[PDB]
file run_1.txt (compact mmCIF, C-alpha atoms and all ligand atoms)
# COMPACT_ATOMS: atom_id res chain seq x y z
CA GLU B 1 0.00 0.00 0.00
CA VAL B 2 0.92 3.64 0.70
CA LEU B 3 3.80 2.42 2.90
CA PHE B 4 6.20 1.97 0.01
CA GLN B 5 6.01 5.67 -0.72
CA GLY B 6 6.99 6.28 2.91
CA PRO B 7 10.35 5.85 4.68
CA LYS B 8 11.68 2.45 5.71
CA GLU B 9 10.54 1.61 9.21
CA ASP B 10 13.32 1.15 11.75
CA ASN B 11 13.10 -2.17 13.49
CA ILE B 12 12.44 -2.18 17.20
CA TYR B 13 16.09 -2.68 18.17
CA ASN B 14 17.44 0.20 16.11
CA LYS B 15 14.72 2.50 17.42
CA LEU B 16 15.67 1.65 21.02
CA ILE B 17 19.35 2.17 20.32
CA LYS B 18 18.71 5.52 18.63
CA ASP B 19 16.42 6.74 21.38
CA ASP B 20 19.10 6.07 24.02
CA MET B 21 21.72 7.78 21.84
CA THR B 22 19.65 10.96 21.33
CA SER B 23 18.82 11.15 25.03
CA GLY B 24 22.56 10.86 25.80
CA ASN B 25 22.38 7.42 27.41
CA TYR B 26 25.20 5.95 25.37
CA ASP B 27 25.84 3.28 28.00
CA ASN B 28 22.43 1.75 27.55
CA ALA B 29 22.62 2.26 23.78
CA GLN B 30 25.86 0.26 23.61
CA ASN B 31 24.39 -2.57 25.65
CA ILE B 32 21.27 -2.77 23.47
CA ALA B 33 23.45 -2.67 20.31
CA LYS B 34 25.81 -5.35 21.68
CA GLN B 35 22.95 -7.72 22.51
CA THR B 36 21.33 -7.16 19.10
CA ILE B 37 24.55 -8.00 17.28
CA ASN B 38 25.27 -11.01 19.47
CA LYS B 39 21.80 -12.51 19.05
CA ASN B 40 22.15 -12.05 15.26
CA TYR B 41 19.14 -9.67 15.28
CA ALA B 42 21.27 -6.85 13.77
CA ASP B 43 20.90 -5.28 10.37
CA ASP B 44 23.31 -2.84 8.74
CA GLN B 45 21.78 0.08 10.65
CA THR B 46 22.53 -1.77 13.92
CA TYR B 47 26.25 -2.01 13.04
CA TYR B 48 26.18 1.64 11.88
CA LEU B 49 24.68 2.79 15.16
CA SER B 50 27.01 0.56 17.15
CA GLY B 51 30.10 2.15 15.59
CA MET B 52 28.60 5.65 15.96
CA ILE B 53 28.30 4.93 19.67
CA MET B 54 31.92 3.84 19.73
CA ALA B 55 33.01 6.98 17.89
CA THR B 56 31.13 8.98 20.54
CA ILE B 57 32.32 7.33 23.74
CA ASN B 58 35.42 5.34 22.70
CA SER B 59 37.25 6.42 19.52
CA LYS B 60 36.80 6.88 15.79
CA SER B 61 39.18 3.95 15.24
CA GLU B 62 36.91 1.58 17.19
CA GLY B 63 33.89 2.91 15.37
CA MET B 64 35.49 2.17 12.02
CA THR B 65 36.33 -1.37 13.16
CA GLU B 66 32.64 -1.87 13.99
CA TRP B 67 31.48 -0.56 10.61
CA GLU B 68 33.93 -2.83 8.79
CA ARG B 69 32.58 -5.76 10.78
CA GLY B 70 29.07 -4.80 9.67
CA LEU B 71 30.19 -4.83 6.02
CA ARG B 72 31.30 -8.43 6.35
CA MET B 73 27.63 -9.27 7.13
CA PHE B 74 26.16 -6.54 4.86
CA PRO B 75 28.60 -6.07 1.94
CA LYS B 76 26.15 -3.98 -0.13
CA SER B 77 25.16 -1.60 2.67
CA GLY B 78 25.17 1.95 1.35
CA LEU B 79 24.93 3.23 4.95
CA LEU B 80 28.08 1.46 6.10
CA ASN B 81 30.02 2.05 2.89
CA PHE B 82 29.18 5.75 2.89
CA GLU B 83 30.06 6.09 6.54
CA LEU B 84 33.43 4.46 5.99
CA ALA B 85 34.04 6.70 2.98
CA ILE B 86 33.42 9.72 5.23
CA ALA B 87 35.64 8.29 7.96
CA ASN B 88 38.50 7.55 5.58
CA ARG B 89 38.26 11.06 4.15
CA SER B 90 38.64 12.37 7.70
CA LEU B 91 41.87 10.37 7.99
CA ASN B 92 43.09 11.79 4.64
CA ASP B 93 42.97 8.35 3.00
CA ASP B 94 41.09 9.54 -0.03
CA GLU B 95 41.95 6.52 -2.20
CA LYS B 96 40.34 4.17 0.29
CA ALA B 97 37.50 6.68 0.83
CA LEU B 98 36.82 6.67 -2.92
CA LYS B 99 36.62 2.84 -2.96
CA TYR B 100 33.98 2.95 -0.22
CA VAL B 101 31.77 5.55 -1.84
CA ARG B 102 31.77 3.71 -5.14
CA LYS B 103 30.49 0.62 -3.34
CA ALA B 104 27.76 2.79 -1.79
CA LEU B 105 26.92 4.15 -5.24
CA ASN B 106 26.62 0.54 -6.44
CA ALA B 107 23.80 0.15 -3.93
CA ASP B 108 22.16 3.47 -4.68
CA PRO B 109 23.38 5.17 -7.88
CA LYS B 110 20.82 8.01 -7.64
CA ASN B 111 21.68 8.97 -4.03
CA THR B 112 22.74 12.63 -4.28
CA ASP B 113 24.95 12.44 -1.14
CA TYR B 114 26.89 9.46 -2.53
CA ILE B 115 27.15 11.21 -5.91
CA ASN B 116 28.40 14.41 -4.27
CA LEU B 117 31.18 12.71 -2.30
CA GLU B 118 32.35 10.59 -5.21
CA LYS B 119 32.49 13.80 -7.30
CA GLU B 120 34.51 15.43 -4.53
CA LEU B 121 36.99 12.54 -4.30
CA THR B 122 37.42 11.87 -8.02
CA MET D 1 37.69 20.16 37.12
CA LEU D 2 35.07 20.93 34.46
CA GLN D 3 32.37 20.55 37.11
CA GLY D 4 31.46 23.99 38.53
CA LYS D 5 32.95 26.00 35.63
CA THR D 6 31.01 28.45 33.51
CA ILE D 7 31.13 27.76 29.77
CA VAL D 8 29.80 30.32 27.29
CA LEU D 9 28.37 28.97 24.07
CA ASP D 10 28.07 31.36 21.13
CA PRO D 11 26.01 29.85 18.26
CA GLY D 12 27.14 31.93 15.32
CA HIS D 13 24.73 34.19 13.43
CA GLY D 14 20.97 34.23 14.06
CA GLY D 15 17.82 36.17 13.22
CA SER D 16 18.12 38.22 10.05
CA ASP D 17 21.73 36.98 9.75
CA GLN D 18 21.45 33.49 8.25
CA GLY D 19 25.18 32.91 8.04
CA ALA D 20 26.37 30.70 5.20
CA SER D 21 24.04 28.48 3.26
CA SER D 22 24.52 25.32 1.26
CA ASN D 23 23.87 25.14 -2.50
CA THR D 24 22.34 21.65 -2.31
CA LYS D 25 18.67 20.62 -2.33
CA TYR D 26 18.76 20.84 1.49
CA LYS D 27 19.33 24.61 1.41
CA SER D 28 20.81 24.46 4.89
CA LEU D 29 21.28 27.70 6.87
CA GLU D 30 24.30 28.01 9.14
CA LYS D 31 22.30 29.88 11.83
CA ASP D 32 19.98 26.90 12.28
CA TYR D 33 22.76 24.35 12.81
CA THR D 34 25.01 26.44 15.09
CA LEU D 35 22.05 26.87 17.41
CA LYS D 36 21.15 23.16 17.31
CA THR D 37 24.76 22.36 18.11
CA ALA D 38 24.95 24.84 20.99
CA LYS D 39 21.68 23.63 22.53
CA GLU D 40 22.87 20.01 22.37
CA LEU D 41 26.27 20.92 23.83
CA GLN D 42 24.50 22.95 26.54
CA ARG D 43 22.61 19.87 27.72
CA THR D 44 25.70 17.65 27.67
CA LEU D 45 27.80 20.25 29.51
CA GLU D 46 25.13 20.72 32.19
CA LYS D 47 24.97 16.94 32.68
CA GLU D 48 28.73 17.18 33.38
CA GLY D 49 28.00 19.78 36.05
CA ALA D 50 29.05 22.94 34.24
CA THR D 51 27.09 26.20 34.20
CA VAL D 52 26.32 27.19 30.59
CA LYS D 53 25.62 30.72 29.32
CA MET D 54 24.26 31.13 25.80
CA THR D 55 24.83 34.24 23.72
CA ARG D 56 21.43 33.44 22.26
CA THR D 57 18.82 30.83 23.06
CA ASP D 58 16.59 31.19 19.97
CA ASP D 59 16.68 32.36 16.34
CA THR D 60 17.41 35.96 17.20
CA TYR D 61 19.93 38.50 15.96
CA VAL D 62 22.90 39.19 18.26
CA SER D 63 25.63 41.69 17.34
CA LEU D 64 29.25 40.55 17.71
CA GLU D 65 29.63 43.14 20.51
CA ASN D 66 26.58 41.73 22.33
CA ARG D 67 28.14 38.22 22.26
CA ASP D 68 30.74 39.34 24.84
CA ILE D 69 29.60 37.16 27.78
CA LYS D 70 32.03 36.15 30.54
CA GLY D 71 32.84 32.60 31.62
CA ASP D 72 35.78 30.33 32.33
CA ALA D 73 35.84 29.33 28.63
CA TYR D 74 33.94 30.48 25.55
CA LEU D 75 33.10 28.44 22.43
CA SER D 76 31.89 30.18 19.31
CA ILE D 77 30.20 27.66 17.01
CA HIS D 78 30.17 28.13 13.24
CA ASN D 79 29.42 26.22 10.03
CA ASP D 80 30.80 28.67 7.48
CA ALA D 81 31.14 28.39 3.68
CA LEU D 82 34.34 28.13 1.72
CA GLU D 83 34.43 28.98 -1.96
CA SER D 84 35.64 25.51 -3.01
CA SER D 85 32.84 23.04 -2.38
CA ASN D 86 35.48 20.33 -2.00
CA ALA D 87 37.03 22.05 1.04
CA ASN D 88 35.92 20.33 4.19
CA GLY D 89 36.69 19.62 7.77
CA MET D 90 37.02 21.24 11.15
CA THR D 91 39.13 24.21 12.33
CA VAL D 92 39.63 25.60 15.83
CA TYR D 93 40.64 29.30 15.92
CA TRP D 94 42.28 31.22 18.76
CA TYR D 95 43.73 34.71 18.89
CA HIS D 96 45.00 35.94 22.27
CA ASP D 97 47.69 34.02 24.15
CA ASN D 98 45.30 32.72 26.75
CA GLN D 99 43.06 31.22 24.01
CA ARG D 100 45.71 28.97 22.45
CA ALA D 101 45.66 26.21 25.08
CA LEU D 102 41.89 25.90 24.67
CA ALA D 103 42.15 25.61 20.89
CA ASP D 104 45.05 23.17 21.05
CA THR D 105 43.27 21.02 23.64
CA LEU D 106 39.99 20.86 21.69
CA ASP D 107 41.71 20.24 18.38
CA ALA D 108 43.35 17.10 19.81
CA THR D 109 40.24 15.53 21.32
CA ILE D 110 38.00 16.39 18.42
CA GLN D 111 40.40 14.73 15.99
CA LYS D 112 40.21 11.49 17.99
CA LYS D 113 36.44 11.07 17.57
CA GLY D 114 34.91 13.40 15.01
CA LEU D 115 34.34 12.37 11.41
CA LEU D 116 35.53 15.76 10.07
CA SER D 117 38.90 16.26 8.42
CA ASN D 118 41.28 18.03 10.84
CA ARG D 119 42.31 21.43 9.54
CA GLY D 120 43.99 22.14 12.87
CA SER D 121 44.29 24.84 15.49
CA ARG D 122 44.92 28.22 13.86
CA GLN D 123 45.53 31.76 15.02
CA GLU D 124 43.06 34.19 13.52
CA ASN D 125 41.62 37.56 14.50
CA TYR D 126 37.91 37.02 14.89
CA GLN D 127 36.18 39.81 16.79
CA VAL D 128 34.46 37.41 19.22
CA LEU D 129 37.96 36.19 20.12
CA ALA D 130 39.76 39.56 20.07
CA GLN D 131 37.19 41.46 22.15
CA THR D 132 37.25 39.15 25.19
CA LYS D 133 39.71 38.30 27.95
CA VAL D 134 37.95 34.89 28.46
CA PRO D 135 39.77 31.84 26.96
CA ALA D 136 37.71 31.67 23.77
CA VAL D 137 37.82 29.63 20.56
CA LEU D 138 35.88 29.66 17.32
CA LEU D 139 34.97 26.19 16.12
CA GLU D 140 34.19 25.49 12.47
CA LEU D 141 32.40 22.16 12.91
CA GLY D 142 32.27 21.26 9.20
CA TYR D 143 31.71 23.62 6.29
CA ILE D 144 28.13 24.00 5.18
CA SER D 145 29.44 24.61 1.63
CA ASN D 146 30.75 21.03 1.49
CA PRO D 147 27.95 18.57 0.59
CA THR D 148 29.43 15.79 2.71
CA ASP D 149 30.12 17.95 5.76
CA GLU D 150 26.57 19.23 5.35
CA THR D 151 25.20 15.68 5.61
CA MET D 152 26.95 15.43 8.99
CA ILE D 153 26.07 18.94 10.20
CA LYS D 154 22.40 18.07 9.49
CA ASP D 155 22.73 14.80 11.49
CA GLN D 156 22.16 14.80 15.26
CA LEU D 157 24.19 11.60 15.79
CA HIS D 158 27.24 13.05 14.05
CA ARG D 159 26.85 16.36 15.93
CA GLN D 160 26.77 14.43 19.19
CA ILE D 161 30.13 12.82 18.46
CA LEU D 162 31.59 16.32 18.01
CA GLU D 163 29.80 17.49 21.13
CA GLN D 164 31.18 14.67 23.27
CA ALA D 165 34.67 15.31 21.91
CA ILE D 166 34.35 18.98 22.92
CA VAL D 167 33.35 17.86 26.44
CA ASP D 168 36.37 15.53 26.45
CA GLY D 169 38.61 18.45 25.58
CA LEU D 170 37.08 20.73 28.20
CA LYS D 171 37.67 18.10 30.90
CA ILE D 172 41.37 17.97 29.94
CA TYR D 173 41.50 21.78 29.63
CA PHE D 174 40.13 22.10 33.17
CA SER D 175 42.13 19.21 34.64
CA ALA D 176 43.51 21.58 37.31
ZN ZN P 1 29.80 31.63 10.78
call {"tool": "encode", "arguments": {"input": "run_1.txt", "output": "structure tokens", "more": "lines below"}}
Ligand SMILES: [Zn+2]
result
Amino acid sequence: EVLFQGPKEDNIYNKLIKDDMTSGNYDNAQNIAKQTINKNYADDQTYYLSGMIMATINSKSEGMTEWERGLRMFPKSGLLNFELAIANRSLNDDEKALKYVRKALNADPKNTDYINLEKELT
Amino acid sequence: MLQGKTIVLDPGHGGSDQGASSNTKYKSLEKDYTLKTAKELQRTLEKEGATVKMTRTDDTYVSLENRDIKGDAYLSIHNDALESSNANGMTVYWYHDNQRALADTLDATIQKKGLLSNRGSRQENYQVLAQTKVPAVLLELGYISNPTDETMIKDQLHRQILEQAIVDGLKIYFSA
């Protein structure tokens, strides 16, 4: 019905993780994300959020590790590939960053944010 | 200790002064995102036990002269435009001698966590820095002219990484 014209619904786990993150309860966010990944209930947004948490309370390096782990499970994730393109740009590894964004463009060749960053990095 | 200190937050621009704006379909206005950033940082700083003064608390015009509020540290928050859309990242600006340690301390902790390219700690004469004796810095937290920075400026979860890294730096800055 009308729900394909609308945005993709977050699953319950991702919504709980996000709600703890935006209320600044990153401890409880991390625990919910950890349990979701360990039960194999995680999708690519769960790994994304998990590494965002780690970038917030641990380090960017640990966040990037978590996103790369998510890509092993979700190799075509535009979310995780874009995020790692951004991260590698911030480390001035623009050749690696350009690999990542081209993978994200494979998933979503009309996405204007992916297009813009690939244009930037070309 | 950061706890008990007064931090001034200066969200750049406001009111009739939109600040910079992106050229993308988002048409983002700098004034909107500096204020979101400052209000988020205000909450996180108060949770840490700091007193926070805002140079503005809504979408209102404030002259550079009327942004001279006293505290133990002062953070001006900007999302300016550069003429090359490919230019991107984060800069921390200081001007008087007593502002350098604050900019050097924040540049280090922000680099550890934020997803912005590090353009470093730089000495530059901004009036909000030059007019005050308070340790003050001007933060460019991504350039709104850069499409990919703009995607992160527009994103609360990315902003909150930056905001935590600022808190991390303030705790080191106030370690005595
Ligand atoms: Zn500005």
call {"tool": "residues_near_ligand", "arguments": {"input": "run_1.txt", "ligand": "ligand ZN 1 (chain P)", "cutoff": "6 Å", "atoms": "all atoms listed in the file", "output": "count of residues only"}}
result
5
call {"tool": "closest_atom_pairs", "arguments": {"input": "run_1.txt", "of": "chain B", "to": "chain D", "cutoff": "7 Å", "atoms": "all atoms listed in the file", "output": "CSV"}}
result
residue,atom,partner,partner_atom,distance
B:55,CA,D:113,CA,5.3
B:56,CA,D:161,CA,4.5
B:59,CA,D:113,CA,5.1
B:60,CA,D:113,CA,4.6
B:86,CA,D:115,CA,6.8
B:87,CA,D:115,CA,5.5
B:89,CA,D:117,CA,6.8
B:90,CA,D:117,CA,4.0
B:91,CA,D:117,CA,6.6
B:113,CA,D:148,CA,6.8
B:116,CA,D:147,CA,6.4
B:117,CA,D:148,CA,6.1
B:120,CA,D:86,CA,5.6
call {"tool": "residues_around", "arguments": {"input": "run_1.txt", "residues": "residue 114 (chain B)", "least_positions_apart": "5", "cutoff": "9 Å", "atoms": "only C-alpha atoms", "output": "list in words"}}
result
residues 78, 82, 101, 102, 104, 105, 108, 109 and 119 of chain B; 148 of chain D
call {"tool": "atom_distance", "arguments": {"input": "run_1.txt", "atom1": "CA of residue 6 (chain B)", "atom2": "CA of residue 73 (chain B)"}}
result
26.2 Å
call {"tool": "residues_near_point", "arguments": {"input": "run_1.txt", "point": "(43.3, 16.6, 28.0)", "cutoff": "10 Å", "atoms": "all atoms listed in the file", "output": "ChimeraX atom specification"}}
result
/D:102,104-106,108-109,168-175
call {"tool": "axis_aligned_box", "arguments": {"input": "run_1.txt", "around": "region 7-20 of chain D", "padding_each_side": "5 Å", "output": "AutoDock Vina command-line options"}}
result
--center_x 24.5 --center_y 33.0 --center_z 17.5 --size_x 23.3 --size_y 20.5 --size_z 34.6
call {"tool": "residues_around", "arguments": {"input": "run_1.txt", "residues": "residue 29 (chain B)", "least_positions_apart": "4", "cutoff": "7 Å", "atoms": "all atoms listed in the file", "output": "VMD selection string"}}
result
chain B and resid 17 20 to 21 25 33
call {"tool": "decode", "arguments": {"input": "run_1.txt", "residues": "region 12-33 of chain D", "atoms": "N, CA, C and O atoms", "output": "PDB file, in the first residue's frame"}}
result
ATOM      1  N   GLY D  12      26.890  30.835  16.236  1.00  0.00           N
ATOM      2  CA  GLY D  12      27.137  31.933  15.320  1.00  0.00           C
ATOM      3  C   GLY D  12      25.891  32.341  14.561  1.00  0.00           C
ATOM      4  O   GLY D  12      25.024  31.526  14.267  1.00  0.00           O
ATOM      5  N   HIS D  13      25.795  33.647  14.272  1.00  0.00           N
ATOM      6  CA  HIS D  13      24.733  34.192  13.433  1.00  0.00           C
ATOM      7  C   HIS D  13      23.372  34.087  14.141  1.00  0.00           C
ATOM      8  O   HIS D  13      23.316  33.958  15.363  1.00  0.00           O
ATOM      9  N   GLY D  14      22.269  34.218  13.414  1.00  0.00           N
ATOM     10  CA  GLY D  14      20.967  34.231  14.055  1.00  0.00           C
ATOM     11  C   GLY D  14      20.086  35.363  13.564  1.00  0.00           C
ATOM     12  O   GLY D  14      20.565  36.425  13.158  1.00  0.00           O
ATOM     13  N   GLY D  15      18.772  35.127  13.591  1.00  0.00           N
ATOM     14  CA  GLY D  15      17.821  36.175  13.215  1.00  0.00           C
ATOM     15  C   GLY D  15      17.955  36.508  11.746  1.00  0.00           C
ATOM     16  O   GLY D  15      18.088  35.619  10.899  1.00  0.00           O
ATOM     17  N   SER D  16      17.968  37.809  11.433  1.00  0.00           N
ATOM     18  CA  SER D  16      18.121  38.216  10.045  1.00  0.00           C
ATOM     19  C   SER D  16      19.433  37.732   9.446  1.00  0.00           C
ATOM     20  O   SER D  16      19.569  37.721   8.227  1.00  0.00           O
ATOM     21  N   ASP D  17      20.435  37.422  10.262  1.00  0.00           N
ATOM     22  CA  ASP D  17      21.730  36.977   9.753  1.00  0.00           C
ATOM     23  C   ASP D  17      21.688  35.452   9.654  1.00  0.00           C
ATOM     24  O   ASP D  17      21.793  34.744  10.661  1.00  0.00           O
ATOM     25  N   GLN D  18      21.521  34.940   8.435  1.00  0.00           N
ATOM     26  CA  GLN D  18      21.447  33.494   8.253  1.00  0.00           C
ATOM     27  C   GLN D  18      22.800  32.810   8.360  1.00  0.00           C
ATOM     28  O   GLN D  18      22.841  31.596   8.540  1.00  0.00           O
ATOM     29  N   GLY D  19      23.903  33.547   8.224  1.00  0.00           N
ATOM     30  CA  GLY D  19      25.181  32.913   8.040  1.00  0.00           C
ATOM     31  C   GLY D  19      25.269  32.309   6.639  1.00  0.00           C
ATOM     32  O   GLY D  19      24.570  32.709   5.715  1.00  0.00           O
ATOM     33  N   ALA D  20      26.179  31.356   6.485  1.00  0.00           N
ATOM     34  CA  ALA D  20      26.368  30.697   5.198  1.00  0.00           C
ATOM     35  C   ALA D  20      25.208  29.777   4.895  1.00  0.00           C
ATOM     36  O   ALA D  20      24.479  29.340   5.784  1.00  0.00           O
ATOM     37  N   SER D  21      25.059  29.440   3.619  1.00  0.00           N
ATOM     38  CA  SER D  21      24.040  28.480   3.257  1.00  0.00           C
ATOM     39  C   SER D  21      24.557  27.522   2.176  1.00  0.00           C
ATOM     40  O   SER D  21      25.367  27.878   1.310  1.00  0.00           O
ATOM     41  N   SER D  22      24.116  26.282   2.269  1.00  0.00           N
ATOM     42  CA  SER D  22      24.522  25.320   1.261  1.00  0.00           C
ATOM     43  C   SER D  22      23.809  25.597  -0.053  1.00  0.00           C
ATOM     44  O   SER D  22      22.719  26.187  -0.087  1.00  0.00           O
ATOM     45  N   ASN D  23      24.429  25.122  -1.144  1.00  0.00           N
ATOM     46  CA  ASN D  23      23.874  25.143  -2.502  1.00  0.00           C
ATOM     47  C   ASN D  23      23.105  23.887  -2.881  1.00  0.00           C
ATOM     48  O   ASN D  23      22.657  23.781  -4.034  1.00  0.00           O
ATOM     49  N   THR D  24      22.981  22.916  -1.971  1.00  0.00           N
ATOM     50  CA  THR D  24      22.336  21.653  -2.308  1.00  0.00           C
ATOM     51  C   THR D  24      20.820  21.786  -2.167  1.00  0.00           C
ATOM     52  O   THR D  24      20.290  22.825  -1.749  1.00  0.00           O
ATOM     53  N   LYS D  25      20.123  20.681  -2.451  1.00  0.00           N
ATOM     54  CA  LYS D  25      18.673  20.624  -2.326  1.00  0.00           C
ATOM     55  C   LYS D  25      18.216  20.842  -0.894  1.00  0.00           C
ATOM     56  O   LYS D  25      17.065  21.211  -0.677  1.00  0.00           O
ATOM     57  N   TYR D  26      19.106  20.650   0.091  1.00  0.00           N
ATOM     58  CA  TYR D  26      18.759  20.839   1.493  1.00  0.00           C
ATOM     59  C   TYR D  26      18.597  22.296   1.851  1.00  0.00           C
ATOM     60  O   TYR D  26      17.857  22.604   2.784  1.00  0.00           O
ATOM     61  N   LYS D  27      19.279  23.178   1.129  1.00  0.00           N
ATOM     62  CA  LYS D  27      19.332  24.615   1.408  1.00  0.00           C
ATOM     63  C   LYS D  27      19.522  24.888   2.896  1.00  0.00           C
ATOM     64  O   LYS D  27      18.753  25.603   3.533  1.00  0.00           O
ATOM     65  N   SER D  28      20.580  24.317   3.455  1.00  0.00           N
ATOM     66  CA  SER D  28      20.815  24.455   4.891  1.00  0.00           C
ATOM     67  C   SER D  28      21.337  25.855   5.227  1.00  0.00           C
ATOM     68  O   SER D  28      22.138  26.419   4.480  1.00  0.00           O
ATOM     69  N   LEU D  29      20.894  26.388   6.373  1.00  0.00           N
ATOM     70  CA  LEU D  29      21.281  27.705   6.874  1.00  0.00           C
ATOM     71  C   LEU D  29      22.177  27.539   8.084  1.00  0.00           C
ATOM     72  O   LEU D  29      21.796  26.878   9.054  1.00  0.00           O
ATOM     73  N   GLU D  30      23.347  28.160   8.040  1.00  0.00           N
ATOM     74  CA  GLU D  30      24.302  28.010   9.143  1.00  0.00           C
ATOM     75  C   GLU D  30      23.677  28.356  10.495  1.00  0.00           C
ATOM     76  O   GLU D  30      23.848  27.604  11.480  1.00  0.00           O
ATOM     77  N   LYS D  31      22.855  29.419  10.540  1.00  0.00           N
ATOM     78  CA  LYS D  31      22.303  29.878  11.829  1.00  0.00           C
ATOM     79  C   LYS D  31      21.480  28.779  12.502  1.00  0.00           C
ATOM     80  O   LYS D  31      21.394  28.722  13.735  1.00  0.00           O
ATOM     81  N   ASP D  32      20.823  27.944  11.700  1.00  0.00           N
ATOM     82  CA  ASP D  32      19.979  26.899  12.279  1.00  0.00           C
ATOM     83  C   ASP D  32      20.824  25.830  12.941  1.00  0.00           C
ATOM     84  O   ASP D  32      20.472  25.346  14.029  1.00  0.00           O
ATOM     85  N   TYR D  33      21.938  25.449  12.304  1.00  0.00           N
ATOM     86  CA  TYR D  33      22.763  24.351  12.814  1.00  0.00           C
ATOM     87  C   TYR D  33      23.735  24.766  13.916  1.00  0.00           C
ATOM     88  O   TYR D  33      24.009  23.944  14.815  1.00  0.00           O
TER      89      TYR D  33
END
